[PDB]
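First the structure, then my questions, so here it is.
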There are 2 protein chains.
Amino acid sequence: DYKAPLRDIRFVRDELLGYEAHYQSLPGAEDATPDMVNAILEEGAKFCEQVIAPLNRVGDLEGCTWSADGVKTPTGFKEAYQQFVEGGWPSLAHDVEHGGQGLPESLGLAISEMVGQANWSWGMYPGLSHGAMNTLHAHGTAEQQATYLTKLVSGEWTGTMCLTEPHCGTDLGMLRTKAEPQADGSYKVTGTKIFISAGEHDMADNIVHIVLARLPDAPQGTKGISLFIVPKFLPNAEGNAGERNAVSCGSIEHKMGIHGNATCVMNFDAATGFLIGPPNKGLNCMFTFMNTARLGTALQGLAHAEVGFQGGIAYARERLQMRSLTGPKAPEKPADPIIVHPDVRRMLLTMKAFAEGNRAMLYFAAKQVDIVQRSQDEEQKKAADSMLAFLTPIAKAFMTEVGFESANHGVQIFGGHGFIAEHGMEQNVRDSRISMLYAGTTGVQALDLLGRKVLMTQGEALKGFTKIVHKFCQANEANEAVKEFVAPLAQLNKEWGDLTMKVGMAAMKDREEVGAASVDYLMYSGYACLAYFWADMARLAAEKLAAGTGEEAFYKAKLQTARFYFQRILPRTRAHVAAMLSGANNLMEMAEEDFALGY
Amino acid sequence: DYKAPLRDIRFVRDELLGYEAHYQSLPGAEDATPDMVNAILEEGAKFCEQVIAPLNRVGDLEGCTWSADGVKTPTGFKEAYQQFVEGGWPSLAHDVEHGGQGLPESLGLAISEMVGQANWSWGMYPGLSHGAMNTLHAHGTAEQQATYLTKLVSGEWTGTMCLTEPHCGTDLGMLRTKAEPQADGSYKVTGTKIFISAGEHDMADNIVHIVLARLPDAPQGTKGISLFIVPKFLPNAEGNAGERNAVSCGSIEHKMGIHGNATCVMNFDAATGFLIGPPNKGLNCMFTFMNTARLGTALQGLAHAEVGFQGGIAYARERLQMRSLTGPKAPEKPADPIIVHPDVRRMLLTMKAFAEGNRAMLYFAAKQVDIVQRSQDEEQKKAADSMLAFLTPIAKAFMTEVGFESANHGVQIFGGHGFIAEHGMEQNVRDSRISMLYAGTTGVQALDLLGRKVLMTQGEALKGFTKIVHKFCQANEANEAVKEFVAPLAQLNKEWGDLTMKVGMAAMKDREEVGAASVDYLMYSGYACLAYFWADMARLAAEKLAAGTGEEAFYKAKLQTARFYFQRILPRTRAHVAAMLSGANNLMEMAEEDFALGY
Ligand SMILES: CCCCCCCCCCCCCCCC(=O)SCCNC(=O)CCNC(=O)[C@H](O)C(C)(C)COP(=O)(O)OP(=O)(O)OC[C@H]1O[C@@H](n2cnc3c(N)ncnc32)[C@H](O)[C@@H]1OP(=O)(O)O
Ligand SMILES: CCCCCCCCCCCCCCCC(=O)SCCNC(=O)CCNC(=O)[C@H](O)C(C)(C)COP(=O)(O)OP(=O)(O)OC[C@H]1O[C@@H](n2cnc3c(N)ncnc32)[C@H](O)[C@@H]1OP(=O)(O)O
């Protein structure tokens, strides 16, 4: 019943963002031809629709089962992973040198989009493995790549990111897991990691943990953390799973959602590990993995909006309840389908505006990934790296926050039926809630965007995007079809720079102003990004209608969604502006001991 | 670990809303003296803290267990209900004539506030029974009151509201459950009701169902529905539970939350029932029950904000993570408590502003209930009835919507730990989600407020409240302590009438405009109500500080919370204004068949 949104994915990639010319321009991509790409997307869609989407409810109902022996995944999960590996999917967007198919990361990301929608909990197993692959590719030695990266690329082994300890998630500088150097050049790793997604499971031949730990007499805090490869089974002479390493799962968590993804307490009992990247540069190297996880979680945010929408539109066309305010629209039936109600249309259009808008932002970001990986033009590469660094926190926090809202609109359309397990809409909400907590909380994303990406680059990262918006407004300010979008967009674009300058000035007078403005500044930024993408989709829709498309309704719907976004969602920016400019004192003046005097 | 917010309840009731003079002015209340009332609140708080709050997690973990025989409640629920009945709580705010203690409904509501916070699922059992009591009091014959109302007032029997069928929740005019008249003046009731809260359980001696059904050859729709008393056990000659009636629970639902409250499919197999109220006036009579449920669900919204806050403040003071932007505040510790972070303070102050603000609105509404029930002044009674009709949909939808937001802020403060079952914060979110769906969805509340309460009274219901706000602004516009609140409040108060006039004009041109504006109009109205209550609490805090209170910190915190509300939450009104004035066409123009063309 999940259906992949292939027509919209093709609209965004090929029509909006010129993917054919993009792939034509990039080393290694010249063979990623439209017919090959469309066949790969279609095969991806079928796997998602036929194999893993039917396992989504099973994953939530059964969850994972711990024994000291290991962790059992839900019925069908491991069989589906066997089919995924047999179909070659893990190798799709990885280097030919390491057993990969060599296709662009942005094509892999489209498969990931559909996987995350069909079964997010299932998709975490291969998804975390992609982060581990990216880390080994960027920082691994030749031998670490020959041993571990080839096995991850085939899908035979999976990978995990091991950061969190009981006392620290955001504050990695406090981690205490220790790496004791051995004469043989290896390390013995001792410590307890918690909330390790896919830490233990029954789906693969080995698990490759990528682990943050401290060398003896390393500096205090983040300047003292190093990165280690700690496999569940140590490689044998033939490079296959060998001696059991001293890594074991103590327990799995009982959670609100993503039950199908084992959330593991992992005990490292002087486990053998291998240093990856330079000593004391573990944070820098682990950021390869963390940035993969942030873009992947943004895709999770998109997934919850998409699933919300799919459920909501089906129910709104089928469920009859009350009558239209302008007279019975189905007078032959006992009641009208509830899509006749304006408030139901508001909730449908909200989910649609966020799913379709975020899809545009995601594939825009995916083009930057391809440029950084493949371009020979140092200037093009620098610009793409700056744009990706800017969009990563916006995509993660904004898409997750509005994806949870969208999941909740999906429930709301079902009325009381939305609270019932059988329909899947409440699971979509429960699975969505972790998306704003893991991979860097919304607040951490917001500090990254405003502190590190915007204020610490003198706004150069922001200027990259506002230049695009400015050029779009200059080009479209007298275009009759979209001049209604350009006027507010140009006002917003000017305001975005002015706000940034006002927030920066406040931060110079009081550093608390960075945290005080951060989440409003990020949400404002995401709304502004989608104003640009909606205005551009409206521009493209009007062009296609003028050209005499045979898909008139598809493009007319884009113009309706764009107008709904600008008139009913974008005005949320007015509240983020007022809040962010209101100043840190209204947050910081209350004494800690005075917050709870009503008892 | 739940603590009743007794100091704040006393602040709102006695200091803000003059409850002592209120009770002094009302027939029957003159004995509800401050010392008696405070002892009752304290005993209420202890029951909640000691007996039912420790059962909240048990209720969620075990849920209810169906057998054809009946429905088992979670461990301890029925024992706690035995203690509640032995303590006399069910009879507290009911008529002496029917075995009641005769205390004001608004004092009962304070017990209900603490019950809903300690264990909402448990509280539903006595809470629905109060709705059944109110219905029997208003519409029952002497004999129906002697038989059923006395047993509900003692707590020996519980009560339910049976409306919903598989094909209809909001559209009661489509219900098909039939009542066949018998020669003995009784009716045989045949039909399946779904989502019957407390439909079957093991906690009481009988269950009194209040059931909507259709007489043979009644008019189409709501003009054809009648109300019936259908007990699980028919009364014997001594009025005690007698012959088993043909009422049985076919199944219970599997839901996202409120697991401790049995959500029952109830089969009426030509069950014996008794007409209550006039034939064909079932909707009018059932509204007594439905309005009790709407105010009770508003109290649920308050409960989720309160529990969110209690969990969040405890964690924010205890959890150490990262350091203040203005330098380590706890340099002796490995990290600062996370309350040093502005973004954590924003989430704490949001929950506090909604809990404390909604508490003020709730007890303001509770005074109207007391005036309608007890006043001999017809003019005072009319004004109170109008004010209660206006506030009921605002309280239900606004307090539930912002209570769910507040529950989610509670989770967010815990980071990844917030998703884990052991901490209770995720249960608070899951239990909160039903609050916007049952007792009339947010959208139904919004149509009731804008269509029935405001536009169909020519705004007289709104004018009742905006007159209070106007007089407050005239009184406080030069009061140095709160003039900063009055200026924006007076602008908002003028805007509230202007918006109402603009929305009414649009509705006259196109009736779709009522649904299109409805939810934004309700949320705007709730924010405006809390602007008034926060400005008034700030006024009262400044008065207490000028008087030389020994509780300086309590009142200083009220002023901080009020300023946080005005500067960071109230600007949400700017987005509701823009959206509501944007017009129905941006919702209604998209064709039904064009919403999902991206597949
Ligand atoms: C393609 C998709 C495929 C799909 C497939 C994906 C699916 C996959 C989904 C599964 C999802 C599960 C994911 C669960 C969650 C975890 O796996 S655990 C991850 C959760 N925790 C985190 O994200 C990190 C914790 N919190 C933070 O980020 C903190 O802000 C920090 C960064 C650790 C604070 O450290 P700090 O030392 O104060 O930081 P700071 O001084 O600002 O920077 C230190 C260095 O870090 C680096 N750095 C800092 N910020 C950044 C940044 N934004 N970027 C890069 N480097 C940075 C730099 O090297 C920097 O050095 P400088 O350049 O400043 O000299
Ligand atoms: C104190 C607290 C203690 C604590 C202890 C509580 C804890 C307790 C929590 C448990 C919580 C579980 C609760 C689950 C939920 C369900 O038990 S099932 C209830 C869910 N469904 C509903 O709420 C009702 C369904 N939806 C509606 O409200 C629809 O809008 C309607 C009213 C049925 C539409 O019917 P309609 O015939 O189109 O309505 P309309 O022509 O506007 O009005 C018809 C008549 O109804 C009456 N009426 C309409 N609106 C109203 C109103 N707002 N007010 C009064 N009468 C009205 C009037 O008699 C009216 O006649 P007119 O005065 O107009 O001539």
Side-chain angles (χ1 to χ4, degrees), chain B residues 12-13 16-32 37 92-98 100-113 127 129-140 145 149 152-153 161 210 227 276-277 281 283-299 359-396 399 439-440 445 448-449 452-454 456-457 460-465 467-468 529 533:
Chain B
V12 166
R13 288 167 62 93
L16 187 71
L17 295 177
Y19 259 63
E20 180 169 10
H22 169 74
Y23 284 167
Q24 280 173 156
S25 80
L26 282 182
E30 301 100 340
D31 70 288
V37 168
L92 190 70
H94 291 289
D95 274 10
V96 167
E97 171 185 5
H98 308 298
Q101 305 181 49
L103 286 139
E105 179 108 308
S106 64
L107 177 54
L109 189 79
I111 303 301
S112 293
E113 176 188 340
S129 300
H130 279 136
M133 293 187 244
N134 294 345
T135 307
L136 277 157
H137 195 265
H139 308 294
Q145 296 178 338
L149 183 52
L152 288 160
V153 167
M161 55 197 309
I210 309 301
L227 198 61
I276 167 158
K281 307 304 304 213
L283 186 49
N284 178 74
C285 294
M286 186 51 109
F287 253 109
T288 294
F289 210 142
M290 295 158 63
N291 286 327
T292 302
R294 293 178 181 191
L295 290 177
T297 52
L299 180 149
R359 183 168 296 114
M361 179 151 67
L362 186 64
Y363 289 113
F364 180 76
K367 282 176 74 177
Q368 314 311 312
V369 174
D370 293 338
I371 297 161
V372 168
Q373 292 186 342
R374 293 169 180 265
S375 179
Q376 294 292 33
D377 179 335
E378 282 316 305
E379 289 312 292
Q380 197 192 15
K381 193 203 274 217
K382 192 195 179 170
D385 197 55
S386 168
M387 180 63 66
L388 181 61
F390 170 75
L391 292 174
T392 296
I394 296 167
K396 196 281 184 181
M399 298 192 185
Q445 305 300 331
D448 180 59
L449 173 65
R452 185 178 173 81
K453 303 307 172 56
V454 171
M456 283 313 109
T457 69
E460 294 317 317
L462 173 65
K463 226 150 157 95
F465 194 91
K467 187 167 195 175
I468 295 171
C529 288
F533 290 113

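Here is the naming used below: chain letters follow the sequence lines, and residue numbers restart at 1 for every chain.
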Heavy-atom nearest pair, B:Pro393 first then B:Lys453, reads CD-NZ, 3.9 Å
*After noting the C-alpha distance and the side-chain angles of B:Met387 and B:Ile468, does the key distance pass the side chain to side chain contact (heavy atoms under 4.5 Å, CB included) rule?*
CA-CA 11 Å; B:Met387 180 63 66; B:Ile468 295 171; 4.1 Å; yes
Residue pairs passing the side chain to side chain donor-acceptor pair (under 3.5 Å) test with at least one member in residues 379-389 of chain B, sequence neighbours excluded, are B:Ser375-B:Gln380
In this structure, CG of B:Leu109 is separated from CG of B:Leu362 (nearest 0.5 Å) by 4.5 Å
In this structure, CE of B:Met290 is separated from OG1 of B:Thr392 (nearest 0.5 Å) by 12.0 Å
Show every donor-acceptor pair shorter than 3.5 Å between a side-chain atom in residues 16-32 of chain B and any protein atom, with sequence neighbours excluded, or say none if there are none.
unit_1, atom_1, unit_2, atom_2, d
B:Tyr19, OH, B:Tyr363, O, 2.7
B:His22, NE2, B:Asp370, OD2, 2.8
B:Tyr23, OH, B:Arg13, NH2, 2.9
B:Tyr23, OH, B:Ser106, OG, 2.6
B:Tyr23, OH, B:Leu107, N, 3.3
B:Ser25, OG, B:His22, O, 2.8
B:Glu30, OE1, B:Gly28, N, 2.9

When rounded to the nearest 0.5 Å, the distance separating CE of B:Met399 from CZ of B:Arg294 is 15.0 Å
The side-chain hydrogen bond (donor to acceptor under 3.5 Å, both in side chains) partners of B:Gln101 (sequence neighbours excluded) come to B:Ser91
Those residues at least two apart in sequence (or on a different chain) that pass ring-ring contact (aromatic ring centres under 6.0 Å, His included) with B:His137 are B:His98
Separation between CZ (B:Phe289) and CG (B:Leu136), nearest 0.5 Å, reads 9.0 Å
> Under a 4.5 Å cut-off applied to non-hydrogen side-chain atoms, are B:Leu295 and B:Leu388 in contact?
Replying inline: yes
Practice prompt. Given salt bridge (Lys or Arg N to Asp or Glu O under 4.0 Å), test B:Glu113 with B:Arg359 step by step and report yes or no.
Written response: CA-CA 9 Å; B:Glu113 176 188 340; B:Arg359 183 168 296 114; 2.8 Å; yes
Salt bridge (charged side-chain N to carboxylate O under 4.0 Å, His left out) filter on B:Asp95, not counting sequence neighbours, yields none
Side chain to side chain contact (heavy atoms under 4.5 Å, CB included) with B:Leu227: of B:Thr288, B:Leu283, B:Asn284, B:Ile210, only one passes, and it is B:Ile210
Residues passing the side-chain contact (heavy atoms from CB on, under 4.5 Å) test with B:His130, sequence neighbours excluded, are B:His94, B:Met133
Separation between SG (B:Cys529) and CD1 (B:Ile394), nearest 0.5 Å, reads 4.5 Å
Value for NZ (B:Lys396) from CG (B:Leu391), rounded to nearest 0.5 Å, stands at 15.5 Å
Here the pair of heavy atoms bringing B:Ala132 nearest to B:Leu152 is CB-CD1, 4.2 Å
